[PDB]
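Structure record follows, encoded as structure tokens.
Only the coordinates and a few stated rules stand behind these numbers; no lab work does. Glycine gets a Cβ as well: all are built from the backbone with ideal geometry, and neighbour counts include every protein chain shown.
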Amino acid sequence: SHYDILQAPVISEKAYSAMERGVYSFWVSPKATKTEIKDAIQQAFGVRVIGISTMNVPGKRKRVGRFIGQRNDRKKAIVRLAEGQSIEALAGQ
Amino acid sequence: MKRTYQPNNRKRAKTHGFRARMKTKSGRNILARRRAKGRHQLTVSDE
Amino acid sequence: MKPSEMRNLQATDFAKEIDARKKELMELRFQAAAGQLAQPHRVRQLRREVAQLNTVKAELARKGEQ
Amino acid sequence: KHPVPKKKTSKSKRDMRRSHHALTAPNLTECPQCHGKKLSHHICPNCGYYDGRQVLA
Amino acid sequence: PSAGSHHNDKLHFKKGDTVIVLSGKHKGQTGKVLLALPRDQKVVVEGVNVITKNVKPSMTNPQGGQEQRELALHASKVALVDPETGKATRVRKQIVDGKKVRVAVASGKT
RNA sequence: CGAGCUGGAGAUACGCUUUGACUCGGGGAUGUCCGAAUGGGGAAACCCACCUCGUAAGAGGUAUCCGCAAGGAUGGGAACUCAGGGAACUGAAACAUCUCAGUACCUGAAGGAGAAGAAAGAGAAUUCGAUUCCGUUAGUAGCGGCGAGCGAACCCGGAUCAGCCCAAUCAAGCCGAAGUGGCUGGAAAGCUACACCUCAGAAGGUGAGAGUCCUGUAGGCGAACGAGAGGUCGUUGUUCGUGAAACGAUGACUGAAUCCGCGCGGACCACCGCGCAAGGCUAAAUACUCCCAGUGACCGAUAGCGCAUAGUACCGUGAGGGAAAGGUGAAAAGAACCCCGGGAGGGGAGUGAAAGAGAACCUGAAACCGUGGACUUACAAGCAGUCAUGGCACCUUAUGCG
RNA sequence: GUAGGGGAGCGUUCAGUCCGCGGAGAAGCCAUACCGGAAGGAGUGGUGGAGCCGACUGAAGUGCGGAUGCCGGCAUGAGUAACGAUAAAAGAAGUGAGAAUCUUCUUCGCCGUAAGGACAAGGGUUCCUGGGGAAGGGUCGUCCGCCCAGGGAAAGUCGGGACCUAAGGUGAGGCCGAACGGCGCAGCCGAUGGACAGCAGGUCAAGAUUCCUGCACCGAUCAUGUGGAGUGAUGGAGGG
Ligand SMILES: [Mg+2]
Ligand SMILES: [Mg+2]
Ligand SMILES: [Mg+2]
Ligand SMILES: [Mg+2]
Ligand SMILES: [Mg+2]
Ligand SMILES: [Mg+2]
Ligand SMILES: [Mg+2]
Ligand SMILES: [Mg+2]
Ligand SMILES: [Mg+2]
Ligand SMILES: [Mg+2]
Ligand SMILES: [Mg+2]
Ligand SMILES: [Mg+2]
Ligand SMILES: [Mg+2]
Ligand SMILES: [Mg+2]
Ligand SMILES: [Mg+2]
Ligand SMILES: [Mg+2]
Ligand SMILES: [Mg+2]
Ligand SMILES: [Mg+2]
Ligand SMILES: [Mg+2]
Ligand SMILES: [Mg+2]
Ligand SMILES: [Mg+2]
Ligand SMILES: [Mg+2]
Ligand SMILES: [Mg+2]
Ligand SMILES: [Mg+2]
Ligand SMILES: [Mg+2]
Ligand SMILES: [Mg+2]
Ligand SMILES: [Mg+2]
Ligand SMILES: [Mg+2]
Ligand SMILES: [Mg+2]
Ligand SMILES: [Mg+2]
Ligand SMILES: [Mg+2]
Ligand SMILES: [Mg+2]
Ligand SMILES: [Mg+2]
Ligand SMILES: [Mg+2]
Ligand SMILES: [Mg+2]
Ligand SMILES: [Mg+2]
Ligand SMILES: [Mg+2]
Ligand SMILES: [Mg+2]
Ligand SMILES: [Mg+2]
Ligand SMILES: [Mg+2]
């Protein structure tokens with residue numbers, strides 16, 4: 001359902017700085033429509049979104065011993081809200 | 001000098017592709033024959 | 001709990017129990033991805049519960065139409 | 001064209017040839033100061049002495 | 001080609017049982033079953049006992065450090081004991097209650 | 001089943017389990033996207049829609065062909081089966097008929113088999129009685145540039161038996177006999193002294209070789225669910241190559257009798273015999289072996305499958321081709337700690353029966369590279385040996401035949 | 001005594017049977033002056049660490065120097081040729097276990113319709129940061145396009161799609177053909193073309209007509225007003 005769509009938050013110098021300007025960044029399910037993501041974030045956080053952007057991200061191909069393989073392809077979503085609305089569980093961070 | 005192999009995604013797919021191979025009995029016969037050999041690479045679209 | 005606790009309740013209560021479980025699983029995903037996730041097991045456990053729920057409401061909905 | 005050897009060269013031959021590859025060990029002198037060793041007419045690489053003291057430490 | 005394959009992944013004794021060591025260097029010493037692994041057929045008995053080394057790792061502690069811990073054994077050097085005989089003893093399956101299966105010798109039971 | 005479990009994975013953490021986990025057996029629920037793909041498109045696994053319900057979330061439907069409907073079909077399957085189509089090399093010591101051979105290959109349809117089948121027959125006894133398969137007849141009768149070479153059938157003996165209708169017990173599992181002491185050894189199964197069970201001495205595991213230590217075997221028990229017409233031309237089939245060519249089989253043209261009638265019996269006629277075409281189904285014996293189990297004067301790492309697993313790496317645009325690979329130890333007790341070095345590597349120590357097993361770990365031959373020692377070689381012409389003698393050296397089948 | 005014929009045997013695996021050895025140590029490997037008419041065979045010693053000899057009998061994947069034979073390992077040529085454009089280097093300084101090769105500074109030299117910059121095709125994480133140094137780098141490396149980890153890519157307006165048609169590919173119906181199949185009108189797929197709304201700046205270590213700032217634009221749906229009778233397709237024409 002809703003909660004299924006949001007795999008994880010993005011953790012990195014970039015993303016923190018973004019939330020410090022009130023802009024948050026989530027690892028999403030690769031098939032997700034932007035509207036689906038928008039709605040999902042709203043329900044999960046009771047926050048009105050004014051802007052989204054997304055990006056499909058090919059997973060790094062790495063090797064373990066003789067075994068060459070690919071990590072899961074992902075999708076990154078960046079959202080910016082109105083009203084300087086924040087999200088607590090990820091703001092203190 | 002210009003060499004034989006000159007990469008082209010659409011070429012390769014349209015020529016050695018799964019849809020291509022399925023479009024004909026002889027290509028179907030490749031598909032089956034390959035499956036049988038246990039190839040990881042059934043067909044070019046597997047790359 | 002797997003058998004008892006589920007069947008006794010309404011199919012409109014299932015939707016709710018499901019939803020809440022989903023939500024907890026996501027919380028645990030954020031935590032885990034940020035660290036540490038002190039209790040991994042809970043994840044899997046919650047997973048199971050979800051399954052049970054959907055199994056039950058399936059079973060029941062087809063046993064009430066027997 | 002393209003000369004090539006007619007016959008494998010014996011281990012014996014090959015080694016007779018090598019009778020001249022002996023390295024020549026340095027003639028080595030002991031520095032009149034800091035005392036390790038040096039090459040004649042070079043700076044003693046331990047201290048740095050060549051009568052007073054040229055290279056650094 | 002696993003060790004349990006020959007012994008049908010079956011343990012001829014339970015965990016917590018006392019056991020006499022049949023074969024080897026520790027002939028006859030006795031102990032409580034601290035750990036028993038069916039598929040591998042390996043069992044721990046407070047008597048075998050070795051000195052293991054913890055090498056580099058700064059956990060536990062920067063320096064090395066040695067250690068005294070028992071090293072598991074192959075099922076086939078283990079037996080249930082008989083309080084009377086006190087010795088290496090076979091087992092018969094007989095009945096009690098109330099649906100319980102139990103274990104006797106030539107004079108039940110453990 | 002009854003105490004462990006948390007996959008190969010051996011790794012830390014979290015934890016589950018006698019309210020019965022894990023594993024085994026048996027059914028169900030869920031089952032994304034592609035692939036016959038089937039809503040439409042498409043460079044497989046992705047892009048775009050429409051309809052009904054629904055609060056949205058979501059759910060379901062939207063291909064073509066047979067049919068009124070119900071329902072059926074499409075795709076896949078190593079070999080085996082039948083059918084439509086159908087090679088050449090090669091053999092004829094050249095070649096064309098012939099042969100390879102109705103083999104290879106291609107396509108089709110189908111099953112666990114399939115085909116075939118219920119005499120207008122085979123045949124010569126006025127005998128036999130659906131078909132297939134095995135033996136045999138038999139390399140016989142025949143065929144044949146009568147060359148190469150090709151090659152039946154009847155009888156007889158077996159395997160399995162069948163002939164009916166239409167058109168006027170096995171799949172989880174449980175129970176299950178009998179030994180101890182001393183000796184060698186790191187370690188007991190081996191030795192040794194007495195001892196026992198056997199409807200059970202098949203086999204594997206246990207520190208070396210165990211009937212009586214473990215798993216088992218003989219034997220017994222065992223489930224709610226589970227499973228059992230004629231003709232003419234052109235041709236061809238069987239031994240059937242135009243032969244005197246019957247008979248079946250159709251492509252073309254043409255086309256009769258229905259019981260005193262019809263079809264055959266190797267041109268053709270009479271006679272004498274066997275037969276009821278043009279309407280359908282049919283199990284069984286037979287074939288095969290992807291899969292499963294048992295066995296082996298089969299293989300044990302260049303062998304055996306290509307693989308101790310991989311159709312991988314690698315090569316190729318593609319079709320397609322395609323490897324090498326094995327071993328510490330009984331047990332990780334996988335070497336704390338010290339020394340040189342950035343490390344690599346090593347020397348100690350410790351473990352071990354053995355590190356003369358240390359992870360570039362069973363044995364570890366030969367080529368090939370080196371260190372050390374013996375006797376030797378700087379006036380010498382050589383397939384490097386062989387014979388004879390002298391010198392030095394050496395003394396475990398050795399003071400002589402060395 | 002060559003082709004060839006004949007005769008008696010040696011050795012190898014596997015198999016049956018008999019004998020029998022083996023941790024006080026098997027097979028295999030290694031040395032050797034002994035034995036036999038030869039294939040060959042024993043004695044002792046060193047190695048090794050778990051199986052095996054002798055005898056009779058049976059069956060073979062049964063004996064190698066050749067085949068420009070096959071797989072594999074290692075020699076020779078040899079410390080030889082070469083180190084891949086003759087655009088060119090020098091010093092200081094730093095680092096570091098180690099520097100001609102890495103970093104900084106100062107110069108020098110070479111390209112400059114290029115040897116500079118930006119797209120496409122192709123490649124696929126090679127980008128940025130921090131670390132590493134076995135191999136890869138034709139030397140060396142402390143460095144790297146290599147190895148490890150973590151980050152990084154943001155679009156109503158750029159390109160593609162939810163629009164269009166070309167060649168071509170398809171294609172119900174329909175036309176042919178032993179089979180598989182070959183054609184084929186409309187329709188449909190098909191960019192290399194038609195169509196189409198956003199510019200100027202700023203800045204991550206790594207993105208920018210995407211993010212941030214500044215001010216525009218486009219269609220769509222609704223509300224308030226201007227409404228106050230037309231809307232104009234799957235066909236026509238203009239146009240493109
Ligand atoms: Mg985007
Ligand atoms: Mg990498
Ligand atoms: Mg169990
Ligand atoms: Mg589709
Ligand atoms: Mg010919
Ligand atoms: Mg010929
Ligand atoms: Mg088929
Ligand atoms: Mg004719
Ligand atoms: Mg004919
Ligand atoms: Mg006829
Ligand atoms: Mg070997
Ligand atoms: Mg070391
Ligand atoms: Mg010497
Ligand atoms: Mg002279
Ligand atoms: Mg001389
Ligand atoms: Mg003679
Ligand atoms: Mg024998
Ligand atoms: Mg042998
Ligand atoms: Mg040779
Ligand atoms: Mg040559
Ligand atoms: Mg070679
Ligand atoms: Mg030189
Ligand atoms: Mg030379
Ligand atoms: Mg030279
Ligand atoms: Mg040179
Ligand atoms: Mg160069
Ligand atoms: Mg130069
Ligand atoms: Mg320094
Ligand atoms: Mg340079
Ligand atoms: Mg400076
Ligand atoms: Mg340029
Ligand atoms: Mg990309
Ligand atoms: Mg180098
Ligand atoms: Mg460093
Ligand atoms: Mg870089
Ligand atoms: Mg904007
Ligand atoms: Mg066409
Ligand atoms: Mg274009
Ligand atoms: Mg535009
Ligand atoms: Mg566009």
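Of note:
- Using alpha-carbon coordinates, inclination of helix A:34-45 to the longest axis of chain A, degrees: 60 degrees
- Top of A:31, A:62, A:76 by mean-square fluctuation, Gaussian network on chain A, Cα under 10 Å: A:62
- Structural descriptor for chain A: relative contact order 31 percent, calculated from alpha carbon pairs under 8 angstrom and at least 6 residues apart.
- Amide N proximity, the stretch E:1-29 versus residue E:39 label position 7 Å along Cα-to-Cβ, cut-off under 13 Å: E:1-5, E:9-10
- Helix C:41-63 axis versus longest C-alpha principal axis of chain C: approximately 10°, rounded to the nearest ten.
- Whether the stretch C:1-59 is rounded, prolate or oblate, judged on the alpha carbon gyration tensor where a/c under 1.5 counts as rounded: prolate
- Only DSSP H runs of four or more residues enter the estimate; each adds -39500 (n - 2.57), and after division by the residues of the protein assembly as shown the mean residue ellipticity at 222 nm equals -9000 deg cm²/dmol.
- Residue of A:41, A:68, A:11 that the Gaussian network model of chain A assigns the largest fluctuation, springs spanning Cα pairs under 10 Å: A:68
- Global form of chain A, assessed from the alpha-carbon gyration tensor, a/c cut-off 1.5: prolate
- Cα-based Kirkwood hydrodynamic radius, chain D, one decimal, Å: 15.3 Å
- For a straight C-alpha distance cut-off of 20 angstrom, the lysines reachable from residue B:25 (same-chain residues fewer than eight places away being disregarded) are B:14, B:37.
- Taking the Cα atoms of the protein assembly as shown, the ratio Rg/Rh between the radius of gyration and the Kirkwood radius comes to 1.18.
- Dipole magnitude (debye, nearest 20) for the protein assembly as shown, charges at Cβ of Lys, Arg, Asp, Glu: 3700 debye
- For chain E, averaging the sequence separation of C-alpha pairs within contact (under 8 Å, six or more residues apart) and dividing by the residue count gives a relative contact order of 21 percent.
- Listed by Cβ neighbour count within 10 Å, with the fewest neighbours leading, D:50, A:3 appear as D:50, A:3.
- Within a Gaussian network of chain A (alpha carbon springs, distance under 10 Å), most fluctuating of A:59, A:46, A:69: A:69
- 16 Å Cα-Cα reach of residue E:27 towards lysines, excluding residues that sit fewer than 8 places from it in its own chain: E:77, E:87
- Sites matching trypsin sites (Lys or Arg not before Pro) across the stretch E:1-107 that sit in DSSP coil, with at most 15 neighbouring C-beta atoms within 10 Å: E:10, E:14, E:15, E:25, E:27, E:39, E:87, E:90, E:99
- Peptide C:17-24 has a mean shielding of 2, counted as Cβ atoms of other protein chains within 10 Å of each residue's Cβ.
- Two-site label geometry, residue A:14 and residue C:10: point separation in nm, points 7 Å out along Cα→Cβ: 4.8 nm
- For the stretch E:88-104, the residues whose amide N sits under 13 Å from a probe point set 7 Å from the Cα of residue E:10 along the beta carbon direction are E:91-93.
- Options D:55, E:98, A:23, ranked by Cα towards positive dipole end of the protein assembly as shown, top entry (Cβ charges): D:55
- Candidate cross-link partners of residue A:76 among the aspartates and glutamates, defined by an alpha-carbon separation under 14 Å and a same-chain spacing of 8 or more, comprise A:36.
- Cα centroid separation - the stretch B:6-25 against the stretch C:29-54, whole Å: 44 Å
- Tilt relative to chain C, helix C:11-34 - C-alpha long axis, 0 to 90 degrees, to 10: 10 degrees
- Alpha-carbon spread of chain E, three principal axes, descending order, Å: 57, 31, 28
- Relative contact order, percent, chain C [alpha-carbon distance under 8 Å, six or more residues apart]: 52 percent
- Ascending count of other beta-carbon atoms within 10 Å, so fewest first, for E:52, C:12: C:12, E:52
- Separation of the residue B:47 and residue D:25 label points, Cα + 7 Å toward Cβ, nm: 6.4 nm
- Charge context of residue A:54, other residues only, Cβ under 15 angstrom, K/R +1, D/E -1: +4
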